[PDB]
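Contents: one structure, followed by commentary.
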Amino acid sequence: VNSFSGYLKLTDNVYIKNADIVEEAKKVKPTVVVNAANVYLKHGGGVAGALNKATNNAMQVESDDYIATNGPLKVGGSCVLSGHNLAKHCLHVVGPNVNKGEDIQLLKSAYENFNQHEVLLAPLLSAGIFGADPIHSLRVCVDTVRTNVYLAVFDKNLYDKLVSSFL
Ligand SMILES: O[C@@H]1CN(c2ncnc3[nH]ccc23)C[C@H]1F
């Protein structure tokens, strides 16, 4: 039993809710919140820009030190950093950005990072400003993640379409 509330159950291990991941994180304080990161951990917009703003830019400060030490992530890769005031940990995961020409096949690799964590709050990777089809992102998620994932979809209209079209 965990403290996630109001989610529709899609499969044995995948749940979905129309919610602002920032507000969800602030309420639940999950062990892991997933960020829709880029390789440079530049949290300018989308989910990443919103999560960083909620940390008062502390996420960006930590991220800049990480990059200065380690260099950029791989597309499809991840790193674990602090969750600041939102969660114990933030798993920064880089899904392909279609608006940069990045291979959508790397989306499965991106979701594989979730399997290193027993429970996660997460957005749909590569959705929104990353330019992938969120219906496709959901299918890959369900077919790849085996740990317990609670998906927050900010857009209510998108939430309804994902549920109604889910196979
Ligand atoms: O529409 C897609 C999904 N997405 C979000 N998903 C969940 N919570 C959120 N909070 C702020 C943004 C946001 C950003 C965009 F890439």
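Naming scheme: A, B, ... for chains in displayed order of the structure tokens; residues 1 onward per chain; ligands 1 onward as shown.
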
Legend entry - Shell of 6 Å around residue 98 of chain A, only C-alpha atoms, local chain residues under 5 positions omitted, as number ranges by chain: A: 130-132

Inset, instruction - Using only C-alpha atoms, determine which residues lie at most 8 Å from residue 47 of chain A, disregarding the query and same-chain residues fewer than 2 positions distant; provide the list as an MDAnalysis selection string. - result: chainID A and resid 21 35:36 45 49:51 123

Inset, instruction - All residues within 7 Å of ligand 1 are required, counting only C-alpha atoms and all ligand atoms; please report them as a PyMOL selection string. - result: chain A and resi 19-22+46-47+50+123-124+126-130+152-155

Next, dump the selected residues to file, keeping only C-alpha atoms, as a compact mmCIF listing (two decimals), in the first residue's frame.
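As written to disk, again.txt reads:
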```
# COMPACT_ATOMS: atom_id res chain seq x y z
CA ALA A 19 -2.61 15.78 -12.47
CA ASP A 20 0.14 18.37 -12.35
CA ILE A 21 3.25 16.33 -11.50
CA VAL A 22 4.57 19.29 -9.49
CA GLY A 46 8.06 21.45 -20.10
CA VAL A 47 7.98 19.13 -17.12
CA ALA A 50 8.15 23.22 -14.01
CA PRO A 123 5.36 11.85 -16.84
CA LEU A 124 5.02 10.21 -20.23
CA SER A 126 9.01 12.18 -24.90
CA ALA A 127 5.50 13.65 -24.69
CA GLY A 128 4.75 17.37 -24.73
CA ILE A 129 7.56 19.52 -26.09
CA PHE A 130 9.66 16.41 -26.85
CA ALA A 152 0.69 12.11 -14.16
CA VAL A 153 -0.80 13.66 -17.29
CA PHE A 154 -1.17 17.42 -16.95
CA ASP A 155 -3.54 17.94 -19.89
```

Inset, instruction - Could you tell me which of A:5, A:118, A:136, A:48 comes closest to residue 167 of chain A if we count only C-alpha atoms? - result: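 Checking each candidate against residue 167 of chain A, we get A:136 as the closest.
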
Distance query residue 164 of chain A at most 12 Å, only C-alpha atoms, self and fewer than 6 positions along chain excluded, as a compact mmCIF listing (two decimals) with N, CA and C atoms, in the first residue's frame:
```
# COMPACT_ATOMS: atom_id res chain seq x y z
N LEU A 8 -6.33 5.79 -12.08
CA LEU A 8 -6.92 4.69 -12.82
C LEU A 8 -5.84 3.63 -13.02
N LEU A 10 -4.20 0.85 -15.14
CA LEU A 10 -4.16 0.40 -16.53
C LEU A 10 -3.75 -1.06 -16.63
N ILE A 135 0.22 8.71 -26.94
CA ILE A 135 -0.38 7.38 -26.98
C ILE A 135 0.70 6.32 -27.16
N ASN A 157 -7.58 16.99 -21.45
CA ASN A 157 -8.01 16.46 -22.74
C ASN A 157 -7.11 15.31 -23.18
N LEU A 158 -5.80 15.44 -22.98
CA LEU A 158 -4.93 14.33 -23.33
C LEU A 158 -5.18 13.12 -22.44
```

Inset, instruction - Check the DSSP output for the backbone and give back, as an NGL selection string, the residues of chain A in strand (DSSP E or B). - result: :A and (8-9 or 14-18 or 32-36 or 78-82 or 89-93 or 119-122 or 148-153)

C-alpha atoms of the current selection, written as a short mmCIF file (atom, residue, chain, number, x, y, z; two decimals), in the first residue's frame:
```
data_model
loop_
_atom_site.label_atom_id
_atom_site.label_comp_id
_atom_site.auth_asym_id
_atom_site.auth_seq_id
_atom_site.Cartn_x
_atom_site.Cartn_y
_atom_site.Cartn_z
CA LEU A 8 -6.92 4.69 -12.82
CA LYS A 9 -5.29 1.26 -13.00
CA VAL A 14 0.89 1.02 -14.40
CA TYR A 15 -1.49 3.68 -13.07
CA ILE A 16 -2.57 7.01 -14.61
CA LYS A 17 -4.10 10.29 -13.38
CA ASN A 18 -4.88 13.75 -14.72
CA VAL A 32 11.26 8.92 -6.80
CA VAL A 33 9.90 11.58 -9.13
CA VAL A 34 10.92 11.26 -12.79
CA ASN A 35 12.03 14.36 -14.69
CA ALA A 36 11.70 14.66 -18.46
CA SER A 78 19.38 8.71 -16.73
CA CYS A 79 20.92 9.84 -13.49
CA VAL A 80 19.67 9.91 -9.90
CA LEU A 81 19.89 13.29 -8.15
CA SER A 82 18.15 14.89 -5.19
CA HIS A 89 15.15 11.43 -5.32
CA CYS A 90 14.70 12.73 -8.83
CA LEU A 91 15.41 10.29 -11.65
CA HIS A 92 16.34 12.49 -14.63
CA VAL A 93 15.50 10.43 -17.73
CA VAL A 119 7.86 2.82 -7.28
CA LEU A 120 7.93 6.05 -9.30
CA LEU A 121 5.86 9.12 -10.07
CA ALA A 122 6.46 10.00 -13.71
CA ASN A 148 5.09 0.34 -10.12
CA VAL A 149 4.66 3.56 -12.09
CA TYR A 150 2.16 6.34 -11.37
CA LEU A 151 1.79 8.49 -14.48
CA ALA A 152 0.69 12.11 -14.16
CA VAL A 153 -0.80 13.66 -17.29
#
```

Inset, instruction - Grab the atom CA of residue 107 of chain A to atom CA of residue 72 of chain A distance for me, in Å with one decimal place. - result: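 Computing it gives 17.7 Å between the two atoms.
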
So that I can check the surroundings of residue 114 of chain A, please list as an mmCIF file with N, CA and C atoms, in the first residue's frame every protein, DNA and RNA residue that reaches within 8 Å of it, counting only C-alpha atoms and ignoring chain neighbours fewer than 3 positions away.
```
data_model
loop_
_atom_site.group_PDB
_atom_site.id
_atom_site.type_symbol
_atom_site.label_atom_id
_atom_site.label_comp_id
_atom_site.auth_asym_id
_atom_site.auth_seq_id
_atom_site.Cartn_x
_atom_site.Cartn_y
_atom_site.Cartn_z
ATOM 1 N N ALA A 110 14.860 4.513 -22.637
ATOM 2 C CA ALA A 110 14.585 5.518 -21.612
ATOM 3 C C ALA A 110 13.699 4.940 -20.511
ATOM 4 N N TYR A 111 12.619 4.255 -20.900
ATOM 5 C CA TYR A 111 11.730 3.670 -19.903
ATOM 6 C C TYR A 111 12.397 2.556 -19.098
ATOM 7 N N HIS A 117 13.862 1.145 -9.976
ATOM 8 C CA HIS A 117 13.179 1.759 -8.842
ATOM 9 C C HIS A 117 11.832 1.085 -8.644
ATOM 10 N N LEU A 120 7.597 4.737 -8.761
ATOM 11 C CA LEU A 120 7.934 6.050 -9.300
ATOM 12 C C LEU A 120 6.686 6.842 -9.644
ATOM 13 N N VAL A 145 8.107 -1.001 -18.587
ATOM 14 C CA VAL A 145 8.267 -0.833 -17.150
ATOM 15 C C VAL A 145 7.569 -1.983 -16.436
ATOM 16 N N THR A 147 8.206 -2.227 -12.793
ATOM 17 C CA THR A 147 8.010 -1.693 -11.460
ATOM 18 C C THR A 147 6.748 -0.828 -11.453
#
```

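Counting from atom CA of residue 142 of chain A, the distance to atom CA of residue 13 of chain A is 8.2 Å.
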
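Atom pair atom CA of residue 125 of chain A / atom CA of residue 97 of chain A: separated by 9.4 Å.
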
Inset, instruction - Compile the contact shell of residue 87 of chain A as a PyMOL selection string: residues with an atom at most 6 Å away, counting only C-alpha atoms, same-chain residues fewer than 5 positions apart removed. - result: chain A and resi 29-32

Legend entry - Nearby residues (only C-alpha atoms) at most 7 Å from residue 39 of chain A, same-chain spacing under 6 positions excluded, as a ChimeraX atom specification: /A:72-75,94

Inset, instruction - Can you work out which one of A:95, A:134, A:6, A:101 has the shortest atom-to-atom distance to residue 76 of chain A, counting only C-alpha atoms? - result: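 Using only C-alpha atoms, residue 76 of chain A sits closest to A:95.
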
Shell of 10 Å around residue 62 of chain A, only C-alpha atoms, local chain residues under 4 positions omitted, as a PDB file with C-alpha atoms, in the first residue's frame:
```
ATOM      1  CA  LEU A  41      20.075  18.774 -17.623  1.00  0.00           C
ATOM      2  CA  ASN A  57      16.211  26.591  -9.052  1.00  0.00           C
ATOM      3  CA  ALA A  58      18.015  24.234  -6.636  1.00  0.00           C
ATOM      4  CA  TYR A  66      26.591  17.130 -12.080  1.00  0.00           C
ATOM      5  CA  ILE A  67      27.248  18.042 -15.733  1.00  0.00           C
ATOM      6  CA  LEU A  81      19.893  13.291  -8.154  1.00  0.00           C
ATOM      7  CA  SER A  82      18.152  14.890  -5.194  1.00  0.00           C
ATOM      8  CA  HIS A  84      14.759  18.562  -3.207  1.00  0.00           C
TER       9      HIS A  84
END
```

Inset, instruction - Going by DSSP on the backbone, which bits of segment 43-146 of chain A are alpha helix (DSSP H)? Write them as a PyMOL selection string, please. - result: chain A and resi 46-54+58-70+106-112+134-144

Selection export as an mmCIF file, in the first residue's frame, atoms kept: C-alpha atoms:
```cif
data_model
loop_
_atom_site.group_PDB
_atom_site.id
_atom_site.type_symbol
_atom_site.label_atom_id
_atom_site.label_comp_id
_atom_site.auth_asym_id
_atom_site.auth_seq_id
_atom_site.Cartn_x
_atom_site.Cartn_y
_atom_site.Cartn_z
ATOM 1 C CA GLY A 46 8.062 21.452 -20.100
ATOM 2 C CA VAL A 47 7.981 19.126 -17.119
ATOM 3 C CA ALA A 48 11.648 19.869 -16.390
ATOM 4 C CA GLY A 49 11.147 23.625 -16.321
ATOM 5 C CA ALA A 50 8.151 23.217 -14.010
ATOM 6 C CA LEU A 51 9.861 20.817 -11.587
ATOM 7 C CA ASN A 52 12.920 23.031 -11.379
ATOM 8 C CA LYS A 53 10.846 26.163 -10.693
ATOM 9 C CA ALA A 54 9.166 24.369 -7.791
ATOM 10 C CA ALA A 58 18.015 24.234 -6.636
ATOM 11 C CA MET A 59 17.512 21.390 -9.124
ATOM 12 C CA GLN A 60 19.306 23.418 -11.811
ATOM 13 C CA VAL A 61 22.202 24.324 -9.485
ATOM 14 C CA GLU A 62 22.685 20.665 -8.541
ATOM 15 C CA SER A 63 22.357 19.627 -12.190
ATOM 16 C CA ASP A 64 24.994 22.098 -13.396
ATOM 17 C CA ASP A 65 27.477 20.662 -10.901
ATOM 18 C CA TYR A 66 26.591 17.130 -12.080
ATOM 19 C CA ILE A 67 27.248 18.042 -15.733
ATOM 20 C CA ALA A 68 30.464 19.899 -14.912
ATOM 21 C CA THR A 69 31.747 16.697 -13.274
ATOM 22 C CA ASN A 70 30.306 13.975 -15.514
ATOM 23 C CA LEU A 106 15.414 5.081 -27.826
ATOM 24 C CA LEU A 107 12.128 5.586 -25.953
ATOM 25 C CA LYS A 108 12.155 1.963 -24.796
ATOM 26 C CA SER A 109 15.706 2.378 -23.464
ATOM 27 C CA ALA A 110 14.585 5.518 -21.612
ATOM 28 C CA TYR A 111 11.730 3.670 -19.903
ATOM 29 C CA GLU A 112 14.065 0.802 -18.918
ATOM 30 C CA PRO A 134 1.791 10.372 -26.038
ATOM 31 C CA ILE A 135 -0.385 7.379 -26.976
ATOM 32 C CA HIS A 136 2.776 5.681 -28.226
ATOM 33 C CA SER A 137 4.729 6.751 -25.135
ATOM 34 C CA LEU A 138 2.070 5.062 -22.999
ATOM 35 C CA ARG A 139 2.232 1.802 -24.961
ATOM 36 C CA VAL A 140 6.025 1.650 -24.629
ATOM 37 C CA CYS A 141 5.735 2.434 -20.918
ATOM 38 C CA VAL A 142 3.274 -0.407 -20.308
ATOM 39 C CA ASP A 143 5.337 -2.850 -22.388
ATOM 40 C CA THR A 144 8.687 -1.886 -20.783
#
```
